[PDB]
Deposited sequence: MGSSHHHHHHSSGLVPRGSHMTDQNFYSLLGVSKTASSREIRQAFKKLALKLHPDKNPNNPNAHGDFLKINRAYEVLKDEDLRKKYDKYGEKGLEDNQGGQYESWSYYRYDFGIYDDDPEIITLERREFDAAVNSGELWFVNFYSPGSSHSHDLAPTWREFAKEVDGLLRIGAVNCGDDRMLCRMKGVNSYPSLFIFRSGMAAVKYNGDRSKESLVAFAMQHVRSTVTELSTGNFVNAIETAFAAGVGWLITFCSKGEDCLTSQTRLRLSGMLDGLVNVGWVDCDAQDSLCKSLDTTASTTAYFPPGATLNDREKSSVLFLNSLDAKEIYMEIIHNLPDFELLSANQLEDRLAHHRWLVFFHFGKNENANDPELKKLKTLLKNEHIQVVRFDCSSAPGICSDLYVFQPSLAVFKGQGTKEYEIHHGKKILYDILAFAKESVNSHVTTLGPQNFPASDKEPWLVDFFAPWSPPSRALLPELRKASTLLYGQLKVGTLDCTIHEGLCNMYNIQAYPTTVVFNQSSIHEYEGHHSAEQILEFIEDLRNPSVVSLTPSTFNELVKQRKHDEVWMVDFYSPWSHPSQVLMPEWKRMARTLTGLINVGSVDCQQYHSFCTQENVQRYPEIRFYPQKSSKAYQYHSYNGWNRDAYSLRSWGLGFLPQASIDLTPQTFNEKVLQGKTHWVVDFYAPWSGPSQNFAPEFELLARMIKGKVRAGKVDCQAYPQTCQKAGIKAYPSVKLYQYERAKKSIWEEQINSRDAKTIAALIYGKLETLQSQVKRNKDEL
């Protein structure tokens, strides 16, 4: 919509693309840049608000479901300096060979199988600035050899702390098999390369005449061809460093070697300066001439690019082979349709070995029913978990190597199912976590890995599934999905919708709350053990309800909201009288819903109180509940107000009220809660303005109820007076607490 149009990007744009577009606009339009128009702050607000809501995935989701209308105003107001955007912002955003990593995807990325070299840098760090051009250059230098990453510690403090970053910048080498190795050298292009090579697997072998023939003649069965450079004195061939680099770049795909032609003159008479790639089966003799690839270049990247394009495609499996193998080993399958992608992907076979994931392709046209039964209607990449099952997931996003590796290893070790209409849990009492998403949606793709993580911890607790809305438009329409992604738990015919941040931790919290809800569901047994035999200071609110009762159905969502606000204050329970008829009869429950409060055990306490109030919303019920709790405020007089508060030596919070005032009666139980929370820190008082207009006039009270904070400063022997506009006990308290330490 307008925000994407404002930044001039698509609604499918990535975080990086957003930052790129905003950087262009920020450098031209920062209020620092043009001091000649008084509207400079306002013009930048439009762009910065758009940027801040789009870079925030929670905010972005609200903006996709509703326009700016669903958002709230306090955004875009704060921005950094012009110099920040010019020099500290998106430093590696325009450098394609550098992967910009955030906290969520970091571990899965740098452990996906490739050798990673990551620059943990920081804004306001001039050592980080010095490194940047070298890093861009270095990343260009080793393309095809290893993965180069960057992590902005400025926006990723905790990740940098957890990864032992002790200075800016800090350089680490990652590979799944080992612990991080730190580079401590002088940050030069050539030093960084040499360091990385010590961690690169590289086998180059000098070949005798006898060895060369044997390697070439045995190459075919092995499946691996040969890259060989032929060296004569007075002539130039691949250097030692170059052969080792090529060996690393083509690890597991090609054997690298060299031949000393001065030492093998007879052999080199056949050739004629030159490196040759021999596909498996190809020989030097004039028969096998053609398949052999003769190269003249001395440059690794140049040579590599020719080899990588020349290598064979993935093994093609027949329909029979596929069906025989899929439920057992793990299989990464490229699905296509006849017609018979980065060549870099050919490295998947080698780099997935440690996870025993086999890599193949399949031609759906040879068996369309197999692909249509998986709802594969276009070329697709899927990974199957095997081990006796046909669980699979489909890869979404750019078909780039490290991402497909991270996807494949994370998925086969997780418990997220691909859902379709045929196995959708419409009829299931067991708990399900379902993610309705779209592949084109950048947040949706950001969610999938976090879901996989949660799945591993939730195993045995609930099943996790994903549903593709672009494919199954009908299914997501029936669940009223308006934005992507939409995460939803299904538990006992009630369907809860997640609204937190897309991280495994927050998702685990949300589910843990659904597993131990504020509203404690009770049985006839648990009522006796928890409510009846509550300790001599516990209190309970309990809703006795029938699922068949319209009044009960309308109450429950209010009951739950109320329960959430009473955590650590009032125990909240619920009783199903349809299931437990005799018990509810035992308790003399006559109509639904019946709301009862179970007070603190005391000498004069009733067994319980039934709420007969007209209004049954959450606020009314909360205020009713808190009304039974103990008074902690003091009822002040005109004299005691002056002596104890105005001329006292402590902190007060005072409620100026009128008995006839509706709003005052609503607040009274909230004020007592406030009083109890601050007991020992602050004293709480109440002043009847109807009884004492004299004092309320002097104190500056327009209407009722009003709250005033009185702070004592011992240094000046004086009382400070401020007004509290909030009517929320927790809010007021924290607000009061904040001021208190700032004198101590």
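In this chain, the deposited residues that lack C-alpha positions fall in the ranges 1-23, 296-298, 367-369, 774-783.
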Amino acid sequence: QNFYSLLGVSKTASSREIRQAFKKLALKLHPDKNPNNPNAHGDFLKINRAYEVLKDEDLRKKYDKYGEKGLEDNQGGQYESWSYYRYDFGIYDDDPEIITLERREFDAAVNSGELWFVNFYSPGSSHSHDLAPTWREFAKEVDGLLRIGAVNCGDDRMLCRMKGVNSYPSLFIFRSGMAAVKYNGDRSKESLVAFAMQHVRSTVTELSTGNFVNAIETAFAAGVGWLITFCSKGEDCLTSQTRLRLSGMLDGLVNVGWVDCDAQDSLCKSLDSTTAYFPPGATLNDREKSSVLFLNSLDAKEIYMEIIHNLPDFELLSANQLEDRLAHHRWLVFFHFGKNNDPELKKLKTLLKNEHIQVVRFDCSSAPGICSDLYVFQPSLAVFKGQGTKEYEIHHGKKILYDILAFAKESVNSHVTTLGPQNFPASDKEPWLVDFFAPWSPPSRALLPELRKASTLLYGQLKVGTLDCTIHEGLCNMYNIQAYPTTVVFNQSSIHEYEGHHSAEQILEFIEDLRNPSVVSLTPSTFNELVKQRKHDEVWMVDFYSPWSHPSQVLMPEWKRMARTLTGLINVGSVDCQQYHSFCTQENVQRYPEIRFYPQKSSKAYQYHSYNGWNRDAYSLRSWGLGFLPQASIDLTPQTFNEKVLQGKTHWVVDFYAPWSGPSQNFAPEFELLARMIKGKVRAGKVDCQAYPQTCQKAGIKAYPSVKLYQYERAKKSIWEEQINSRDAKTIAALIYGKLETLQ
From here on, numbers count along this sequence of modelled residues.
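Set 463-471 against 499-507 and average the Cα temperature factors; 499-507 ends up higher.
The deposited model assigns a higher average Cα B-factor to 219-227 than to the other stretch when 452-460 and 219-227 are compared.
Taking the deposited Cα B-factors for 333, 629, 179, 488, the highest one is held by 179.
Between the residues 651, 515, 328, 339, the entry's highest C-alpha temperature factor is the one at 339. The entry lists a Cα temperature factor for residue 70 that places it in the highest third of the chain's modelled residues.
Among the modelled residues of its chain, residue 680 has a C-alpha B-factor that falls in the middle third according to the deposited record. Per the PDB record, residue ranking by Cα B-factor puts residue 299 in the middle third of the chain. In this PDB entry, residue 625 carries a Cα temperature factor that places it within the lowest third of its chain's modelled residues. Annotation for residue 709: CA B-factor lies in the lowest third of the chain's modelled residues.
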